[PDB]
Structures are given as C-alpha cells and as structure tokens.
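Peer 1: let me start by giving you these chains from the complex, positioned as in the assembled structure:
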Amino acid sequence: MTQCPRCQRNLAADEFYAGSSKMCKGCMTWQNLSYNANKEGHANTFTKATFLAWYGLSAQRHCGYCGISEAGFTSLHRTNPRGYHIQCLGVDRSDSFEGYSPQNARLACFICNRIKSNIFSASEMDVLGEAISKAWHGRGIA
C-alpha cells in the first residue's frame, strides 16, 4: 500500500506503473477514457467514482475476450502508440457504434481490442477470444 496523488486511494504496488508516471492505473485509464471520448466524439456516462469501482484492482482484471490476466498481458511487453510498455487492461466499447457507459464497457487487453476493432461484434469476438487464449496457453501464459 501507498497513496495515489490523484484519487488518494491506498493501493498496492500493482495498481501503479513501473516508469515515471505517479498516478494509479485507474486514474490514468480514466484520464485516457475522457480524453479519447472527447477526441473521438464518443459519449461518456461513467463518473470517475463509478468507473473506479468498475475497473476494480489489478490482480482481479482479465481480458473479457481471451482471459489473459493483467500481469500476463504486461509480460507480453506490448507498446502503446507512444510507444511505452502497456501495463494495464483497457475498456472495449463492446458495441463499437456506442460510447463509454457501464452497459457498453467491457474489459479487454489491447491485443483483443485492436483485433475486434470496429469489425467484429462482441459475440463474434468471444469466439476469436477463445482462439487467442490458446495462443497464450501455448506460450505458457495465464
């Protein structure tokens, strides 16, 4: 446990980043969500408080398509567009025509999220997800 200078929550080391950012993963994902929604013209019905309760804690997070844990995904050393090492799971607007909301949000790893893109429906992606999980299972990753 230490304290996030932003939400002031008391959190385990696994809720924080490994590089030089000081805010927690929930705070950072919330700042990204709001900036992305504005830029992309998506609606956002989450408040920070509902989002943070929705996002939960690092050891409980798994991609809702492939099942990979947040630590497992971290171990793949994927890079974001900037491109720094990706260390948390993000949110998929499961209906890609709708915005951010509790009803429309689904936790997804950045690999599944980009695969799904705006091409596959969430149920089509559930089936892709199972195939992706076999890749991970084969690589010795959970």
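Peer 2: Cool, got the structure. Numbering: from 1, shown residues only, chains lettered A, B, ... in the order given.

Peer 1: please count neighbours and contacts with C-alpha atoms only from this point.
Peer 2: Noted.

Peer 1: how close does the residue nearest to the spatial centre of chain A get to residue A:100?
Peer 2: Closest to where the C-alpha atoms of chain A average out (CA atoms, centre = their mean) is residue A:90, at 1.4 Å. Residue A:90 sits at a distance of 12 Å from residue A:100 (criterion: CA to CA, to the nearest Å).

Peer 1: give the residues shared as contacts by those two.
Peer 2: Residues touching both residue A:90 and residue A:100 (CA atoms under 8 Å, 6 or more residues apart in numbering): none.

Peer 1: quickly find the element holding residue A:136.
Peer 2: helix A:122-138 (DSSP states H and E).

Peer 1: let me redo that: residue A:54
Peer 2: Assigned by DSSP H and E, residue A:54 belongs to helix A:48-55.

Peer 1: buried stuff in the next helix or strand after that helix?
Peer 2: Downstream of helix A:48-55, the first helix or strand assigned by DSSP H and E is helix A:70-74. Buried residues in helix A:70-74, counted by 16 or more other CA atoms under 10 Å: A:70-74.

Peer 1: next one is chain B, place it on the structure:
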Amino acid sequence: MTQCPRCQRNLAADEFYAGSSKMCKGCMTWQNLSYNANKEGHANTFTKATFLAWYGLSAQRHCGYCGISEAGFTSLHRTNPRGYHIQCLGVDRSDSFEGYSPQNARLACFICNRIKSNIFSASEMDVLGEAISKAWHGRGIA
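Peer 2: This next block brings in chain B, placed alongside the chains you saw above:
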C-alpha cells in the same frame, strides 16, 4: 476475357478492378509487393513470372487462414490505407521476420493479415482463422 496492358495475359473480368485502374490484380499485387518490400527492407525472391503462377486466378483464391473467397472478401467493402475498396487477397509473410519468397508466402485476406500482424505465428493464426470463419459463416458469407 480481355487483355492486361501490363502482363498482356488474357483474363476474365474478375481478374480486373472495378474502379479506374487498368492493370490486373496479379500485376497490381506484384507492384505493391515490390514497392512494399523495398520500403520495409524485406527481401524478395519471387520473380514476376513465379509470382503470377503462384497468385493464380481470382475464383481460386481463398484466405489461407479464414477460408474466405476473394469475392466474399470483396463483399465486405474493406478499405485499404488510401482508402479505396479492397478487391483481392494479399500475401502474408507467414514468418513475419522473413521476407517475400515462395516458401514464406501465404495467401491471406487483409483482415487476417492485420490481425496476425507480427504478433501471432502462422500456426497460432490457423486457430484464429477458424474463429474468423465462424464470423463469416454466421454473416452468410463464403
């Protein structure tokens, strides 16, 4: 049958594009392959002649991952980066660390090709491909 001003082959309408380009799909895919290989620093052991025999004809082409026919893929109205309507299947460098060669080339639709990216091996992608095929099968597409 009409004649491609480039390879001078006598070809069915389905070997040609629907927009304003005059060269056949084989010729265009060959010009793309050579330009992309140069730009990306990939080797290319195909000659035009071996490539054209490898690429075959439109009605015989199916993605080697998801099984979608070239006409089926055309019916999805995907756009290339330019972005015009995609009307043929391309080649996947199945080992993404190696270049273009008969041994390393595999026919793939642009959807499977981008999914695979440099993330999945060809055998991991075979399993993703089967899941993608179910999406198509469900959409009434072959």
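
Peer 1: re earlier: just how off-centre is the helix holding residue A:54 within its chain?
Peer 2: Distance of helix A:48-55 from the chain centroid (CA atoms, centre = their mean, to the nearest Å) equals 13 Å.

Peer 1: check which helices and strands that helix is in contact with.
Peer 2: Counting contacts by 3 or more CA pairs under 8 Å, 6 or more residues apart in numbering or on different chains; DSSP states H and E, helix A:48-55 packs against helix A:25-40.

Peer 1: quick one on the thing from earlier: can you list the buried residues in the helix holding residue A:136?
Peer 2: Residues of helix A:122-138 classed as buried: A:122, A:124-136 (neighbour count, 16 or more other CA atoms under 10 Å in any protein chain shown).

Peer 1: what helices or strands is it leaning on?
Peer 2: helix A:110-116, helix B:122-138.

Peer 1: next, the buried residues of the helix holding residue A:54.
Peer 2: Neighbour-count burial for helix A:48-55 flags A:51-52, A:55 (criterion: 16+ other CA under 10 Å).

Peer 1: attach DNA strand C to the model above:
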DNA sequence: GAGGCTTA
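Peer 2: With DNA strand C now in place:
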C-alpha cells in the same frame, strides 16, 4: 503506360 504515394 510506368512511379510514387499514405497508412483502419
């Protein structure tokens, strides 16, 4: 008729 491009 060929060349060089821009990037979901």
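
Peer 1: what packs on helix A:122-138 again, this time with DNA strand C added?
Peer 2: Counting by 3+ CA pairs under 8 Å, 6+ apart, the packing neighbours recorded for helix A:122-138 are helix A:110-116, helix B:122-138.

Peer 1: so which of the ones you listed gets nearest residue B:95?
Peer 2: In terms of CA to CA, the element of the helices and strands packed on helix A:122-138 nearest to residue B:95 is helix B:122-138, at 7.1 Å.

Peer 1: tell me, how many residues neighbour residue A:103?
Peer 2: Using other CA atoms under 10 Å in any protein chain shown, residue A:103 has 12 other residues around it.

Peer 1: same check on residue A:39?
Peer 2: 9.

Peer 1: residue A:114 too?
Peer 2: 14.

Peer 1: related to what we said a few turns ago, right, so of the helices and strands packed on helix A:122-138, which gets closest to DNA strand C?
Peer 2: Judged by CA to the nearest atom of the strand, the one of those that comes nearest to DNA strand C is helix A:110-116, at 5.9 Å.

Peer 1: my read: the residue nearest to the centre of chain A touches residue A:111, true?
Peer 2: No. Using CA atoms under 8 Å, residue A:90 is not in contact with residue A:111; the gap is 10.2 Å.
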